[PDB]
Engineer: 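Below you will find the structure I want to go over with you.
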2 protein chains.
Amino acid sequence: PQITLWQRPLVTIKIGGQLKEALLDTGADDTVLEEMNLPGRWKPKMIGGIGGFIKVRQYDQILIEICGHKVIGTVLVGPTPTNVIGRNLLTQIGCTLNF
Amino acid sequence: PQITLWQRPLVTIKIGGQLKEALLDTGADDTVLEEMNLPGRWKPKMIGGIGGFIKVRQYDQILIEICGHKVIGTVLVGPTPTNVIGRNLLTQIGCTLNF
Ligand SMILES: CC(C)(C)OC(=O)N[C@@H](Cc1ccccc1)C(=O)C[C@@H](Cc1ccccc1)C(=O)N[C@@H](CCC(N)=O)C(=O)N[C@@H](Cc1ccccc1)C(N)=O
Ligand SMILES: [Cl-]
Ligand SMILES: [Cl-]
């Protein structure tokens, strides 16, 4: 699809068998989701943005369906104020900016 | 142009007569730039992201040339770790996400 930017570019995702809403975020190198459990092992990590940093848990090889495009990648989980789909996954669904 | 997301979507901007680089950031409602002076008045404001909040100075009706497209809009200035062009301006250059 073509997503305009007059509203937040939110999409529905399915991950770990749950339905969630997430922001398509070209400004995020990574994909960061609020608290949730996920199949498998993880390594701790920190990430930053505008106001500082947070600790997240990093899970590799997670399956996620973003608008029905399945992708497998690293998903980070922790106290982010909002679910964000970052460039690690945006590249995998072929997402581009266009103007 | 069409901008892929394998690299950060950095673009050159011209603002306040200065040349800067900034990230086209669909995850940002607003445009936030590191410290710089700007013609005119402003009002203080706070903004958040991952990590927390920062104080910024909000300037209205600023002209900005983003990849050669002129737009006029609010620009926030303050301690962000990176220059970001948010949706407030992305709409004005007609920027869309496409997949
Ligand atoms: C208007 C405003 C600027 C205030 O909005 C936002 O914060 N939007 C959020 C997403 C968000 C939306 C809504 C609510 C909360 C968050 C993001 O698009 C912002 C972007 C802007 C940014 C990019 C690079 C460096 C600094 C900042 C952001 O925080 N991206 C992050 C998302 C976290 C992640 N790992 O993907 C990002 O790429 N972080 C990187 C880069 C980084 C290094 C050091 C310090 C800061 C950042 C990281 N791996 O930690
Ligand atoms: Cl990945
Ligand atoms: Cl504006």
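All heavy atoms count here, side chains included; hydrogens, waters and symmetry mates do not. Note on naming: letters A, B, ... go to the chains in the order of the sequence lines (proteins, then strands), and numbering restarts at 1 for each one.
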Engineer: Just by distance, no angles: are the side chains of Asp60(A) and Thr74(A) close enough, under 3.5 Å, to form a donor-acceptor pair?
Structural biologist: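 Checked: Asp60(A)/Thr74(A) side chains pair up, N/O donor to acceptor below 3.5 Å.
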Engineer: Please lay out, stage by stage, how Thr31(A) and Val75(A) fare under the test side-chain contact (heavy atoms from CB on, under 4.5 Å).
Structural biologist: CA-CA 5 Å; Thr31(A) 285; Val75(A) 169; 4.2 Å; yes
Engineer: Under the criterion side-chain contact (heavy atoms from CB on, under 4.5 Å), I'd like the reasoning laid out for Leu76(B) against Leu33(B): C-alpha separation, chi angles, the key distance, then a yes or no.
Structural biologist: CA-CA 6 Å; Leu76(B) 303 187; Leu33(B) 302 189; over 6 Å; no
Engineer: Taking C-beta and beyond as the side chain, do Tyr59(A) and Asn37(A) meet within less than 4.5 Å on heavy atoms?
Structural biologist: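 Yes, side chains in contact.
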Engineer: Pick one of side chain, backbone, both or neither for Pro81(A), based on which atoms fall under 4.5 Å of a heavy atom in chain B.
Structural biologist: side chain
Engineer: Using a heavy-atom cutoff of under 4.5 Å, enumerate the residues of residues 84-91 of chain A that contact chain B, numbered in order, or state 'none'.
Structural biologist: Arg87(A), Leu90(A), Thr91(A)
Engineer: Backbone N or O of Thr26(B) within a donor-acceptor pair of the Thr26(A) side chain at under 3.5 Å?
Structural biologist: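 At least one qualifying donor-acceptor pair exists.
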Engineer: Heavy atom to heavy atom, less than 4.5 Å: which residues from residues 92-99 of chain B reach chain A?
Structural biologist: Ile93(B), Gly94(B), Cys95(B), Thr96(B), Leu97(B), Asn98(B), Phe99(B)
Engineer: Taking transitive links into account, so neighbours of neighbours count too, which hydrophobic residues share a cluster with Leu63(A) at under 4.5 Å side-chain distance?
Structural biologist: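 Besides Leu63(A), the hydrophobic cluster comprises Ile72(A), listed by chain and residue number.
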Engineer: Among the options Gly27(A), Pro9(A), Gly49(A), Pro1(A), pick out the one with the most heavy-atom pairs lying under 4.5 Å from chain B.
Structural biologist: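 Most pairs with chain B among the choices: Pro1(A).
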Engineer: Decide, yes or no, whether a salt bridge links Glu35(B) with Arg57(B) under the criterion of side-chain N to carboxylate O below 4.0 Å.
Structural biologist: yes
Engineer: Residues in side-chain contact (heavy atoms from CB on, under 4.5 Å) with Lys20(A), at least two apart?
Structural biologist: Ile13(A), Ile15(A), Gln18(A), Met36(A), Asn83(A)
Engineer: Are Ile3(A) and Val11(A) side-chain neighbours, meaning at least one heavy-atom pair lies under 4.5 Å?
Structural biologist: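 Side chain of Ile3(A) against side chain of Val11(A), heavy atoms only: contact under 4.5 Å found.
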Engineer: Applying side-chain contact (heavy atoms from CB on, under 4.5 Å) to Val56(B) and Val77(B), what does each step give before you reach the verdict?
Structural biologist: CA-CA 5 Å; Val56(B) 298; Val77(B) 171; 5.9 Å; no
